[PDB]
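Shown here: run-v4.cif, mmCIF, C-alpha atoms.
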data_entry
#
loop_
_atom_site.label_atom_id
_atom_site.label_comp_id
_atom_site.auth_asym_id
_atom_site.auth_seq_id
_atom_site.Cartn_x
_atom_site.Cartn_y
_atom_site.Cartn_z
CA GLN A 2 -162.01 -14.37 -213.89
CA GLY A 3 -159.67 -16.73 -215.65
CA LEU A 4 -156.75 -15.19 -217.52
CA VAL A 5 -153.46 -16.52 -218.80
CA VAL A 6 -150.11 -14.76 -218.67
CA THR A 7 -147.23 -15.80 -220.91
CA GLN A 8 -143.85 -14.47 -222.02
CA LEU A 9 -142.82 -14.31 -218.35
CA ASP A 10 -139.32 -14.78 -216.96
CA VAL A 11 -139.82 -15.14 -213.21
CA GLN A 12 -136.60 -16.46 -211.73
CA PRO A 13 -135.84 -17.77 -208.22
CA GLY A 14 -136.09 -15.06 -205.58
CA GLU A 15 -138.74 -13.07 -207.46
CA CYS A 16 -142.26 -12.94 -206.06
CA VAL A 17 -145.52 -13.21 -208.00
CA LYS A 18 -148.58 -11.85 -206.24
CA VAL A 19 -152.09 -12.62 -207.35
CA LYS A 20 -154.83 -10.56 -205.73
CA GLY A 21 -158.50 -11.33 -206.18
CA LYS A 22 -161.75 -12.35 -204.59
CA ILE A 23 -163.13 -15.83 -204.08
CA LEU A 24 -166.73 -16.04 -205.33
CA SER A 25 -169.47 -16.40 -202.68
CA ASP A 26 -170.30 -19.84 -204.16
CA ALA A 27 -166.89 -21.02 -205.19
CA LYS A 28 -166.49 -24.73 -205.85
CA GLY A 29 -162.82 -23.99 -205.82
CA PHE A 30 -160.21 -22.26 -207.95
CA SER A 31 -156.70 -22.92 -209.16
CA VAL A 32 -153.47 -21.04 -209.78
CA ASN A 33 -151.08 -22.71 -212.23
CA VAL A 34 -147.45 -21.73 -212.92
CA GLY A 35 -144.92 -23.48 -215.19
CA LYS A 36 -143.69 -23.49 -218.80
CA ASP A 37 -147.07 -23.92 -220.48
CA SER A 38 -150.51 -25.48 -219.91
CA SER A 39 -149.06 -29.01 -220.36
CA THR A 40 -146.09 -28.52 -218.03
CA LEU A 41 -146.85 -26.98 -214.66
CA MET A 42 -144.46 -26.52 -211.82
CA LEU A 43 -147.43 -26.17 -209.50
CA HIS A 44 -151.19 -26.61 -209.62
CA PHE A 45 -152.50 -24.83 -206.50
CA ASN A 46 -156.12 -25.89 -206.27
CA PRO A 47 -158.07 -24.96 -203.06
CA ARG A 48 -161.37 -26.98 -203.15
CA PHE A 49 -164.42 -25.97 -201.14
CA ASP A 50 -166.64 -28.69 -202.56
CA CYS A 51 -165.19 -30.08 -205.73
CA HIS A 52 -164.76 -33.68 -206.86
CA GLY A 53 -165.79 -35.06 -203.45
CA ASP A 54 -163.19 -32.84 -201.77
CA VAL A 55 -164.49 -30.49 -199.11
CA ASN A 56 -162.33 -27.58 -197.97
CA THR A 57 -159.04 -29.11 -199.10
CA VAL A 58 -156.04 -27.65 -200.87
CA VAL A 59 -154.63 -29.90 -203.54
CA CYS A 60 -151.17 -29.38 -204.96
CA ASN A 61 -149.79 -31.14 -208.00
CA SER A 62 -147.45 -30.90 -210.93
CA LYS A 63 -148.01 -31.69 -214.57
CA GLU A 64 -145.54 -32.78 -217.20
CA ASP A 65 -146.25 -33.47 -220.82
CA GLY A 66 -149.97 -33.11 -220.04
CA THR A 67 -149.80 -35.77 -217.27
CA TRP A 68 -150.73 -35.05 -213.65
CA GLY A 69 -148.26 -36.07 -210.96
CA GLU A 70 -149.06 -37.53 -207.54
CA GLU A 71 -151.49 -35.34 -205.64
CA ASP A 72 -150.42 -33.68 -202.45
CA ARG A 73 -153.28 -32.88 -200.12
CA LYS A 74 -152.70 -30.22 -197.49
CA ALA A 75 -154.19 -30.14 -194.00
CA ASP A 76 -154.71 -26.35 -193.72
CA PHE A 77 -157.46 -24.52 -195.61
CA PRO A 78 -157.22 -20.77 -194.71
CA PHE A 79 -159.92 -19.92 -197.31
CA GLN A 80 -163.60 -18.95 -197.22
CA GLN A 81 -166.04 -18.04 -200.00
CA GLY A 82 -166.43 -14.30 -200.72
CA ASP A 83 -162.98 -13.76 -199.29
CA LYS A 84 -160.55 -11.28 -200.84
CA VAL A 85 -157.09 -12.81 -200.72
CA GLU A 86 -153.59 -12.21 -202.03
CA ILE A 87 -151.52 -15.21 -203.06
CA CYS A 88 -147.73 -14.89 -203.17
CA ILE A 89 -145.66 -17.38 -205.14
CA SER A 90 -141.90 -17.84 -205.18
CA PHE A 91 -139.59 -20.78 -205.77
CA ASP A 92 -136.08 -22.11 -206.03
CA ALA A 93 -134.43 -25.29 -207.29
CA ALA A 94 -135.82 -27.36 -204.36
CA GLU A 95 -139.43 -26.13 -203.93
CA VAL A 96 -142.29 -23.76 -204.57
CA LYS A 97 -143.79 -21.68 -201.82
CA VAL A 98 -147.27 -20.24 -201.71
CA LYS A 99 -148.07 -17.74 -199.00
CA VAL A 100 -151.38 -16.42 -197.94
CA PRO A 101 -151.71 -14.27 -194.85
CA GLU A 102 -152.28 -17.24 -192.49
CA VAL A 104 -150.38 -20.19 -193.95
CA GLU A 105 -147.39 -20.91 -196.15
CA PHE A 106 -147.74 -23.94 -198.42
CA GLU A 107 -144.70 -25.71 -199.78
CA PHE A 108 -144.43 -28.12 -202.71
CA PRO A 109 -141.27 -29.74 -204.13
CA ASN A 110 -139.96 -28.44 -207.45
CA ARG A 111 -140.36 -31.89 -209.01
CA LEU A 112 -139.65 -30.71 -212.55
CA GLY A 113 -136.45 -28.92 -211.54
CA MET A 114 -137.75 -25.88 -213.40
CA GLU A 115 -135.57 -22.75 -213.08
CA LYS A 116 -137.95 -20.03 -214.29
CA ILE A 117 -141.69 -19.47 -214.68
CA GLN A 118 -142.96 -18.36 -218.07
CA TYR A 119 -146.62 -19.27 -217.67
CA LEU A 120 -149.27 -18.30 -215.12
CA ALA A 121 -152.99 -19.04 -215.30
CA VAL A 122 -155.85 -18.45 -212.88
CA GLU A 123 -158.99 -20.57 -213.26
CA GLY A 124 -162.18 -21.46 -211.43
CA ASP A 125 -164.26 -19.31 -209.12
CA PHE A 126 -161.72 -16.57 -208.48
CA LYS A 127 -161.94 -12.95 -209.58
CA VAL A 128 -158.49 -11.52 -210.33
CA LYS A 129 -158.04 -7.89 -209.34
CA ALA A 130 -154.28 -7.51 -209.76
CA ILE A 131 -151.03 -9.34 -210.61
CA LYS A 132 -147.82 -7.88 -209.16
CA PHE A 133 -144.15 -8.73 -209.72
CA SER A 134 -141.41 -8.27 -207.11
CA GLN B 2 -139.64 -7.07 -220.27
CA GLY B 3 -142.82 -7.67 -222.22
CA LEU B 4 -145.55 -10.03 -221.11
CA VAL B 5 -148.80 -11.13 -222.78
CA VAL B 6 -152.19 -11.53 -221.10
CA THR B 7 -154.88 -13.51 -222.89
CA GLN B 8 -158.30 -14.95 -222.04
CA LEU B 9 -159.59 -11.57 -220.91
CA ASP B 10 -163.14 -10.25 -221.06
CA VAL B 11 -162.70 -6.51 -220.49
CA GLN B 12 -166.02 -4.85 -221.28
CA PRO B 13 -166.49 -1.12 -221.97
CA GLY B 14 -166.39 0.82 -218.73
CA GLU B 15 -163.77 -1.45 -217.14
CA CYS B 16 -160.37 -0.02 -216.29
CA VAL B 17 -157.09 -1.77 -217.04
CA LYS B 18 -154.09 -0.29 -215.23
CA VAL B 19 -150.50 -1.06 -216.19
CA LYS B 20 -147.98 0.13 -213.62
CA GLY B 21 -144.25 -0.05 -214.17
CA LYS B 22 -140.96 1.70 -214.76
CA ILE B 23 -139.55 3.16 -217.96
CA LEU B 24 -135.87 2.18 -218.36
CA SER B 25 -133.37 5.02 -217.85
CA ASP B 26 -132.01 4.38 -221.34
CA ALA B 27 -135.41 3.81 -222.91
CA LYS B 28 -135.90 4.44 -226.59
CA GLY B 29 -139.56 3.42 -226.61
CA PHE B 30 -142.16 0.93 -225.38
CA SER B 31 -145.73 -0.01 -226.20
CA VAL B 32 -149.03 -1.12 -224.73
CA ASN B 33 -151.14 -3.16 -227.17
CA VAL B 34 -154.74 -3.99 -226.38
CA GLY B 35 -157.16 -5.92 -228.58
CA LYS B 36 -158.17 -9.32 -229.92
CA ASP B 37 -154.75 -10.85 -230.53
CA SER B 38 -151.35 -9.85 -231.90
CA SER B 39 -152.63 -9.16 -235.44
CA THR B 40 -155.88 -7.41 -234.55
CA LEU B 41 -155.40 -4.52 -232.10
CA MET B 42 -157.88 -1.90 -230.98
CA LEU B 43 -154.95 0.21 -229.79
CA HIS B 44 -151.19 0.29 -230.07
CA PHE B 45 -150.06 2.98 -227.62
CA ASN B 46 -146.41 3.62 -228.45
CA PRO B 47 -144.35 6.30 -226.62
CA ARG B 48 -141.09 6.81 -228.57
CA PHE B 49 -138.16 8.64 -226.99
CA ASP B 50 -135.91 8.08 -230.01
CA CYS B 51 -137.50 5.34 -232.10
CA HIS B 52 -138.01 5.05 -235.87
CA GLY B 53 -136.76 8.59 -236.38
CA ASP B 54 -139.30 9.78 -233.81
CA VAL B 55 -138.09 11.83 -230.88
CA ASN B 56 -140.34 12.22 -227.80
CA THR B 57 -143.62 11.40 -229.51
CA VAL B 58 -146.55 9.15 -228.71
CA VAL B 59 -147.66 7.18 -231.76
CA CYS B 60 -151.12 5.61 -231.66
CA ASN B 61 -152.48 3.13 -234.19
CA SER B 62 -154.72 0.12 -234.75
CA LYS B 63 -154.07 -3.18 -236.53
CA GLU B 64 -156.49 -5.35 -238.48
CA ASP B 65 -155.46 -8.77 -239.75
CA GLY B 66 -151.76 -8.01 -239.40
CA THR B 67 -152.03 -4.59 -241.08
CA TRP B 68 -151.44 -1.26 -239.29
CA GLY B 69 -153.97 1.52 -239.70
CA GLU B 70 -153.00 5.18 -240.14
CA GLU B 71 -150.55 6.43 -237.52
CA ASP B 72 -151.82 9.08 -235.13
CA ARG B 73 -149.09 11.22 -233.57
CA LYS B 74 -150.26 12.94 -230.40
CA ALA B 75 -149.39 16.49 -229.33
CA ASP B 76 -148.29 15.77 -225.76
CA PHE B 77 -145.41 13.72 -224.43
CA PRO B 78 -145.58 13.44 -220.60
CA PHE B 79 -142.98 10.68 -220.25
CA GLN B 80 -139.33 10.72 -219.27
CA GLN B 81 -136.83 7.89 -218.99
CA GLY B 82 -136.59 6.13 -215.59
CA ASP B 83 -140.07 7.45 -214.78
CA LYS B 84 -142.39 5.21 -212.79
CA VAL B 85 -145.85 5.28 -214.19
CA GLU B 86 -149.28 3.80 -214.33
CA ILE B 87 -151.17 3.79 -217.59
CA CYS B 88 -154.94 3.44 -217.36
CA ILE B 89 -156.98 2.18 -220.29
CA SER B 90 -160.72 2.09 -220.78
CA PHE B 91 -162.95 2.07 -223.84
CA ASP B 92 -166.42 2.07 -225.33
CA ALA B 93 -167.73 1.37 -228.83
CA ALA B 94 -166.74 4.87 -229.97
CA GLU B 95 -163.26 5.49 -228.48
CA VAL B 96 -160.36 4.33 -226.33
CA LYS B 97 -159.03 6.40 -223.44
CA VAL B 98 -155.49 6.31 -222.06
CA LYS B 99 -155.00 8.13 -218.83
CA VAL B 100 -151.58 9.21 -217.71
CA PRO B 101 -151.36 11.31 -214.57
CA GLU B 102 -150.23 14.30 -216.67
CA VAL B 104 -152.36 13.87 -219.84
CA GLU B 105 -155.32 11.85 -221.16
CA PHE B 106 -155.15 10.58 -224.75
CA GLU B 107 -158.11 9.66 -226.95
CA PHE B 108 -158.26 7.38 -229.98
CA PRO B 109 -161.34 6.36 -231.97
CA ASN B 110 -162.48 2.73 -231.70
CA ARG B 111 -161.86 2.12 -235.41
CA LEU B 112 -162.72 -1.58 -235.28
CA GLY B 113 -165.85 -1.18 -233.17
CA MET B 114 -164.39 -3.67 -230.73
CA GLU B 115 -166.64 -4.32 -227.73
CA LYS B 116 -164.25 -6.26 -225.49
CA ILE B 117 -160.53 -6.67 -224.91
CA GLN B 118 -159.18 -10.22 -224.92
CA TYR B 119 -155.51 -9.45 -225.44
CA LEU B 120 -152.95 -7.24 -223.67
CA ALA B 121 -149.21 -7.11 -224.34
CA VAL B 122 -146.55 -4.72 -223.08
CA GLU B 123 -143.36 -4.51 -225.13
CA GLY B 124 -140.14 -2.54 -225.20
CA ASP B 125 -138.10 -0.69 -222.60
CA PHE B 126 -140.71 -0.94 -219.85
CA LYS B 127 -140.59 -3.12 -216.73
CA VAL B 128 -144.02 -4.14 -215.53
CA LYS B 129 -144.68 -4.03 -211.80
CA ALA B 130 -148.42 -4.65 -211.79
CA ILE B 131 -151.55 -5.10 -213.86
CA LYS B 132 -154.80 -4.21 -212.13
CA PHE B 133 -158.39 -4.61 -213.29
CA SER B 134 -160.87 -2.02 -212.00
#
What does this structure look like when you write it as structure tokens?
Amino acid sequence: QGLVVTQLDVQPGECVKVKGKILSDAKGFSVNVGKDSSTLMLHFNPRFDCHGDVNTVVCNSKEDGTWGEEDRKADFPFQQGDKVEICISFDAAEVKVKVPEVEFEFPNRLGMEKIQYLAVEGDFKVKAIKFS
Amino acid sequence: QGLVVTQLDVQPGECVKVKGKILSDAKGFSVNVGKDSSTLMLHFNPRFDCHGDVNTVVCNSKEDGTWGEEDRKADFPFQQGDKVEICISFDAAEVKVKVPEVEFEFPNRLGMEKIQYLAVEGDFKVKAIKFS
């Protein structure tokens, strides 16, 4: 699956939940949130075996179509063929991504105050998108 | 609060469920499904008091920015402040909209074989979008 959601108005405090299933041969997938495809507050990209990266979560921002400095995480609570729910929230200081085992944090570099764009790409099958 | 979902590949037989709450002071809302904003396979529009309509579901299609002939349905199972889930599925011949109280049918006028666009508009707050 790989859909795009626009016309959003997610503000700090609100929670965005993405439920789906990781393909049984996933190279990796990504979950981007921001203003648009060129300006992302967060590029959550768990990589099983993609671009030389093996079982590593890469976080990054994007502004004016330019990638920021990568932030590689130590924890990788994901496995192929796994059905997971990803919860995203943020504030003026950072973005939080919670999965049942680990909570990932990434600084709100762009100082964005609302999310209007969400896109899921890669080897992930979306089953539901919830707002809270 | 009306969002837009693009980049979809909903094939006939697949179920799209929109769950949310109708505002207590709602006058109307709509669920559009199709190719893009100007080419819709279905414009499901429950009107409480909208365009001179009082408690009536108006269904229609749109091709190249032009509405087809309005289809007013006999049943109106909605009430303001009501929390609902609207299920949509289709095939080459017709589109089905299931509401816990009533099921609506509309012919697939355009012969559309996949849904790439979904937009919810009006006095409706979306809580979740599921793909079954």
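Here the PyMOL selection byres ((chain A) within 8 of (chain B)) captures the residues residues 2, 3, 4, 5, 6, 7, 8, 9, 128, 129, 130, 131, 132, 133 and 134 of chain A.
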If the PyMOL selection byres ((chain B and resi 114) around 9) is run on the structure shown, which residues does it catch, given as a list in words?
residues 35, 36, 42, 92, 93, 94, 110, 111, 112, 113, 115, 116 and 117 of chain B
Please produce an output containing C-alpha atoms for each residue in the selection, written as a PDB file, in the coordinates of the input.
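Saved the output as out.pdb:
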ATOM      1  CA  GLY B  35    -157.160  -5.920-228.580  1.00  0.00           C
ATOM      2  CA  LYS B  36    -158.170  -9.320-229.920  1.00  0.00           C
ATOM      3  CA  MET B  42    -157.880  -1.900-230.980  1.00  0.00           C
ATOM      4  CA  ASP B  92    -166.420   2.070-225.330  1.00  0.00           C
ATOM      5  CA  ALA B  93    -167.730   1.370-228.830  1.00  0.00           C
ATOM      6  CA  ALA B  94    -166.740   4.870-229.970  1.00  0.00           C
ATOM      7  CA  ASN B 110    -162.480   2.730-231.700  1.00  0.00           C
ATOM      8  CA  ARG B 111    -161.860   2.120-235.410  1.00  0.00           C
ATOM      9  CA  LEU B 112    -162.720  -1.580-235.280  1.00  0.00           C
ATOM     10  CA  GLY B 113    -165.850  -1.180-233.170  1.00  0.00           C
ATOM     11  CA  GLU B 115    -166.640  -4.320-227.730  1.00  0.00           C
ATOM     12  CA  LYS B 116    -164.250  -6.260-225.490  1.00  0.00           C
ATOM     13  CA  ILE B 117    -160.530  -6.670-224.910  1.00  0.00           C
TER      14      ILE B 117
END
Chain B in the frame of chain A after full C-alpha superposition, as a PDB file with C-alpha atoms, in the coordinates of the input:
ATOM      1  CA  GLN B   2    -162.714 -15.274-214.582  1.00  0.00           C
ATOM      2  CA  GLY B   3    -159.467 -16.936-215.564  1.00  0.00           C
ATOM      3  CA  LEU B   4    -156.701 -15.192-217.452  1.00  0.00           C
ATOM      4  CA  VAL B   5    -153.377 -16.451-218.840  1.00  0.00           C
ATOM      5  CA  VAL B   6    -150.024 -14.663-218.664  1.00  0.00           C
ATOM      6  CA  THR B   7    -147.231 -15.816-220.952  1.00  0.00           C
ATOM      7  CA  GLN B   8    -143.795 -14.552-221.997  1.00  0.00           C
ATOM      8  CA  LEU B   9    -142.633 -14.333-218.396  1.00  0.00           C
ATOM      9  CA  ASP B  10    -139.120 -14.761-217.040  1.00  0.00           C
ATOM     10  CA  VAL B  11    -139.682 -15.209-213.299  1.00  0.00           C
ATOM     11  CA  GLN B  12    -136.391 -16.349-211.792  1.00  0.00           C
ATOM     12  CA  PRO B  13    -136.009 -17.992-208.363  1.00  0.00           C
ATOM     13  CA  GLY B  14    -136.252 -15.383-205.641  1.00  0.00           C
ATOM     14  CA  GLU B  15    -138.848 -13.298-207.501  1.00  0.00           C
ATOM     15  CA  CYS B  16    -142.309 -12.919-206.016  1.00  0.00           C
ATOM     16  CA  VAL B  17    -145.516 -13.240-208.015  1.00  0.00           C
ATOM     17  CA  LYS B  18    -148.605 -11.941-206.215  1.00  0.00           C
ATOM     18  CA  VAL B  19    -152.144 -12.729-207.335  1.00  0.00           C
ATOM     19  CA  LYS B  20    -154.765 -10.613-205.598  1.00  0.00           C
ATOM     20  CA  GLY B  21    -158.473 -11.164-206.046  1.00  0.00           C
ATOM     21  CA  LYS B  22    -161.794 -12.256-204.629  1.00  0.00           C
ATOM     22  CA  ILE B  23    -163.159 -15.754-204.114  1.00  0.00           C
ATOM     23  CA  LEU B  24    -166.797 -15.948-205.292  1.00  0.00           C
ATOM     24  CA  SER B  25    -169.390 -16.254-202.507  1.00  0.00           C
ATOM     25  CA  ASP B  26    -170.637 -19.475-204.092  1.00  0.00           C
ATOM     26  CA  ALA B  27    -167.181 -20.775-204.937  1.00  0.00           C
ATOM     27  CA  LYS B  28    -166.610 -24.481-205.284  1.00  0.00           C
ATOM     28  CA  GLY B  29    -162.923 -24.163-206.145  1.00  0.00           C
ATOM     29  CA  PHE B  30    -160.287 -22.270-208.131  1.00  0.00           C
ATOM     30  CA  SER B  31    -156.671 -22.747-209.129  1.00  0.00           C
ATOM     31  CA  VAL B  32    -153.381 -20.975-209.697  1.00  0.00           C
ATOM     32  CA  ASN B  33    -151.149 -22.749-212.234  1.00  0.00           C
ATOM     33  CA  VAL B  34    -147.549 -21.702-212.700  1.00  0.00           C
ATOM     34  CA  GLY B  35    -145.016 -23.268-215.057  1.00  0.00           C
ATOM     35  CA  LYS B  36    -143.874 -23.642-218.653  1.00  0.00           C
ATOM     36  CA  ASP B  37    -147.231 -23.888-220.408  1.00  0.00           C
ATOM     37  CA  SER B  38    -150.620 -25.536-219.923  1.00  0.00           C
ATOM     38  CA  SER B  39    -149.265 -29.108-220.147  1.00  0.00           C
ATOM     39  CA  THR B  40    -146.092 -28.653-218.113  1.00  0.00           C
ATOM     40  CA  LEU B  41    -146.720 -27.064-214.697  1.00  0.00           C
ATOM     41  CA  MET B  42    -144.347 -26.632-211.790  1.00  0.00           C
ATOM     42  CA  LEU B  43    -147.368 -26.097-209.544  1.00  0.00           C
ATOM     43  CA  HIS B  44    -151.119 -26.457-209.671  1.00  0.00           C
ATOM     44  CA  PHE B  45    -152.392 -24.827-206.471  1.00  0.00           C
ATOM     45  CA  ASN B  46    -156.035 -25.864-206.200  1.00  0.00           C
ATOM     46  CA  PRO B  47    -158.219 -24.846-203.205  1.00  0.00           C
ATOM     47  CA  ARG B  48    -161.439 -26.921-203.341  1.00  0.00           C
ATOM     48  CA  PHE B  49    -164.461 -25.936-201.262  1.00  0.00           C
ATOM     49  CA  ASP B  50    -166.612 -28.741-202.677  1.00  0.00           C
ATOM     50  CA  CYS B  51    -164.889 -30.002-205.814  1.00  0.00           C
ATOM     51  CA  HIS B  52    -164.269 -33.551-207.071  1.00  0.00           C
ATOM     52  CA  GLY B  53    -165.606 -35.002-203.836  1.00  0.00           C
ATOM     53  CA  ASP B  54    -163.171 -32.792-201.923  1.00  0.00           C
ATOM     54  CA  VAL B  55    -164.518 -30.532-199.216  1.00  0.00           C
ATOM     55  CA  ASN B  56    -162.364 -27.624-197.949  1.00  0.00           C
ATOM     56  CA  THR B  57    -159.017 -28.995-199.077  1.00  0.00           C
ATOM     57  CA  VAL B  58    -156.046 -27.575-200.933  1.00  0.00           C
ATOM     58  CA  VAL B  59    -154.798 -29.974-203.598  1.00  0.00           C
ATOM     59  CA  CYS B  60    -151.299 -29.399-204.965  1.00  0.00           C
ATOM     60  CA  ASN B  61    -149.801 -31.157-207.976  1.00  0.00           C
ATOM     61  CA  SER B  62    -147.461 -30.859-210.947  1.00  0.00           C
ATOM     62  CA  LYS B  63    -147.968 -31.715-214.620  1.00  0.00           C
ATOM     63  CA  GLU B  64    -145.436 -32.976-217.143  1.00  0.00           C
ATOM     64  CA  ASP B  65    -146.333 -33.315-220.810  1.00  0.00           C
ATOM     65  CA  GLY B  66    -150.061 -33.247-220.114  1.00  0.00           C
ATOM     66  CA  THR B  67    -149.844 -35.766-217.251  1.00  0.00           C
ATOM     67  CA  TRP B  68    -150.577 -34.932-213.589  1.00  0.00           C
ATOM     68  CA  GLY B  69    -148.117 -36.016-210.930  1.00  0.00           C
ATOM     69  CA  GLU B  70    -149.180 -37.427-207.551  1.00  0.00           C
ATOM     70  CA  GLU B  71    -151.734 -35.276-205.740  1.00  0.00           C
ATOM     71  CA  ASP B  72    -150.605 -33.649-202.511  1.00  0.00           C
ATOM     72  CA  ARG B  73    -153.436 -32.762-200.132  1.00  0.00           C
ATOM     73  CA  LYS B  74    -152.402 -30.139-197.597  1.00  0.00           C
ATOM     74  CA  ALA B  75    -153.402 -30.062-193.923  1.00  0.00           C
ATOM     75  CA  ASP B  76    -154.576 -26.450-193.713  1.00  0.00           C
ATOM     76  CA  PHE B  77    -157.431 -24.678-195.438  1.00  0.00           C
ATOM     77  CA  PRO B  78    -157.357 -20.908-194.692  1.00  0.00           C
ATOM     78  CA  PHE B  79    -159.885 -19.888-197.350  1.00  0.00           C
ATOM     79  CA  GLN B  80    -163.560 -19.021-197.180  1.00  0.00           C
ATOM     80  CA  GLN B  81    -165.984 -18.048-199.921  1.00  0.00           C
ATOM     81  CA  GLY B  82    -166.265 -14.309-200.729  1.00  0.00           C
ATOM     82  CA  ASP B  83    -162.848 -13.813-199.122  1.00  0.00           C
ATOM     83  CA  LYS B  84    -160.519 -11.259-200.676  1.00  0.00           C
ATOM     84  CA  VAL B  85    -157.026 -12.564-200.858  1.00  0.00           C
ATOM     85  CA  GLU B  86    -153.552 -12.244-202.202  1.00  0.00           C
ATOM     86  CA  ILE B  87    -151.576 -15.350-203.006  1.00  0.00           C
ATOM     87  CA  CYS B  88    -147.805 -14.966-203.152  1.00  0.00           C
ATOM     88  CA  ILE B  89    -145.651 -17.420-205.068  1.00  0.00           C
ATOM     89  CA  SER B  90    -141.899 -17.800-205.155  1.00  0.00           C
ATOM     90  CA  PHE B  91    -139.587 -20.704-205.904  1.00  0.00           C
ATOM     91  CA  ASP B  92    -136.080 -22.077-206.176  1.00  0.00           C
ATOM     92  CA  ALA B  93    -134.657 -25.242-207.729  1.00  0.00           C
ATOM     93  CA  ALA B  94    -135.715 -27.286-204.690  1.00  0.00           C
ATOM     94  CA  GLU B  95    -139.250 -26.077-203.820  1.00  0.00           C
ATOM     95  CA  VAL B  96    -142.173 -23.751-204.472  1.00  0.00           C
ATOM     96  CA  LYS B  97    -143.639 -21.536-201.760  1.00  0.00           C
ATOM     97  CA  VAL B  98    -147.211 -20.247-201.606  1.00  0.00           C
ATOM     98  CA  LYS B  99    -147.840 -17.623-199.017  1.00  0.00           C
ATOM     99  CA  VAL B 100    -151.318 -16.892-197.799  1.00  0.00           C
ATOM    100  CA  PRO B 101    -151.682 -14.424-194.954  1.00  0.00           C
ATOM    101  CA  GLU B 102    -152.841 -17.260-192.665  1.00  0.00           C
ATOM    102  CA  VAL B 104    -150.615 -20.164-193.842  1.00  0.00           C
ATOM    103  CA  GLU B 105    -147.563 -20.848-196.034  1.00  0.00           C
ATOM    104  CA  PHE B 106    -147.600 -23.977-198.211  1.00  0.00           C
ATOM    105  CA  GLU B 107    -144.557 -25.800-199.576  1.00  0.00           C
ATOM    106  CA  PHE B 108    -144.260 -28.116-202.568  1.00  0.00           C
ATOM    107  CA  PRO B 109    -141.100 -29.708-203.969  1.00  0.00           C
ATOM    108  CA  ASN B 110    -139.864 -28.466-207.357  1.00  0.00           C
ATOM    109  CA  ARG B 111    -140.366 -31.893-208.946  1.00  0.00           C
ATOM    110  CA  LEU B 112    -139.404 -30.773-212.448  1.00  0.00           C
ATOM    111  CA  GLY B 113    -136.345 -28.787-211.397  1.00  0.00           C
ATOM    112  CA  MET B 114    -137.799 -25.803-213.204  1.00  0.00           C
ATOM    113  CA  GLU B 115    -135.612 -22.697-212.961  1.00  0.00           C
ATOM    114  CA  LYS B 116    -138.005 -20.068-214.324  1.00  0.00           C
ATOM    115  CA  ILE B 117    -141.726 -19.469-214.695  1.00  0.00           C
ATOM    116  CA  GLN B 118    -142.974 -18.564-218.167  1.00  0.00           C
ATOM    117  CA  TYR B 119    -146.649 -19.337-217.689  1.00  0.00           C
ATOM    118  CA  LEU B 120    -149.318 -18.262-215.180  1.00  0.00           C
ATOM    119  CA  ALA B 121    -153.040 -19.011-215.362  1.00  0.00           C
ATOM    120  CA  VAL B 122    -155.801 -18.477-212.818  1.00  0.00           C
ATOM    121  CA  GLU B 123    -158.939 -20.568-213.267  1.00  0.00           C
ATOM    122  CA  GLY B 124    -162.211 -21.216-211.498  1.00  0.00           C
ATOM    123  CA  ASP B 125    -164.372 -19.236-209.100  1.00  0.00           C
ATOM    124  CA  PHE B 126    -161.831 -16.470-208.525  1.00  0.00           C
ATOM    125  CA  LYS B 127    -161.973 -12.888-209.807  1.00  0.00           C
ATOM    126  CA  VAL B 128    -158.549 -11.398-210.355  1.00  0.00           C
ATOM    127  CA  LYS B 129    -157.993  -7.818-209.242  1.00  0.00           C
ATOM    128  CA  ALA B 130    -154.238  -7.576-209.707  1.00  0.00           C
ATOM    129  CA  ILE B 131    -151.042  -9.395-210.578  1.00  0.00           C
ATOM    130  CA  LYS B 132    -147.867  -7.902-209.151  1.00  0.00           C
ATOM    131  CA  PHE B 133    -144.237  -8.849-209.718  1.00  0.00           C
ATOM    132  CA  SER B 134    -141.868  -8.245-206.795  1.00  0.00           C
TER     133      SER B 134
END
Taking (-162.8, -29.1, -206.9) in the file's coordinates as the center, which residues reach within 6 Å of it, counting only C-alpha atoms, put as a PyMOL selection string?
chain A and resi 28-29+48+50-52
Produce a file of the selected residues containing C-alpha atoms, as a PDB file, keeping the file's coordinate frame.
ATOM      1  CA  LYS A  28    -166.490 -24.730-205.850  1.00  0.00           C
ATOM      2  CA  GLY A  29    -162.820 -23.990-205.820  1.00  0.00           C
ATOM      3  CA  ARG A  48    -161.370 -26.980-203.150  1.00  0.00           C
ATOM      4  CA  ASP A  50    -166.640 -28.690-202.560  1.00  0.00           C
ATOM      5  CA  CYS A  51    -165.190 -30.080-205.730  1.00  0.00           C
ATOM      6  CA  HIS A  52    -164.760 -33.680-206.860  1.00  0.00           C
TER       7      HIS A  52
END
Between CA of residue 54 (chain B) and CA of residue 74 (chain B), measure the distance and give it in Å to one decimal.
11.9 Å
Within 10 Å of residue 49 (chain B), counting all atoms listed in the file, which residues show up once you throw out same-chain ones fewer than 2 positions away? Write them as a ChimeraX atom specification, please.
/B:26-30,46-47,51-58,77,79-81
If the PyMOL selection byres ((chain B and resi 62) around 10) is run on the structure shown, which residues does it catch, given as a ChimeraX atom specification?
/B:33-35,39-45,60-61,63-64,66-72,108-112
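As for CA of residue 24 (chain B) and CA of residue 83 (chain B), they are spaced 7.6 Å apart.
Atom to atom, CA of residue 78 (chain B) and CA of residue 16 (chain B) stand 20.5 Å apart.
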Please determine an axis-aligned box that encloses all atoms of region 46-52 of chain A listed in the file, with 4 Å added on each side, and express its centre and edge lengths in Å to one decimal as lines of an AutoDock Vina configuration file.
center_x = -161.4
center_y = -29.3
center_z = -204.0
size_x = 18.5
size_y = 16.7
size_z = 13.7
Please list as number ranges by chain every residue within 7 Å of region 96-105 of chain A, counting all atoms listed in the file and excluding residues in the same chain fewer than 6 positions away.
A: 78, 86-90
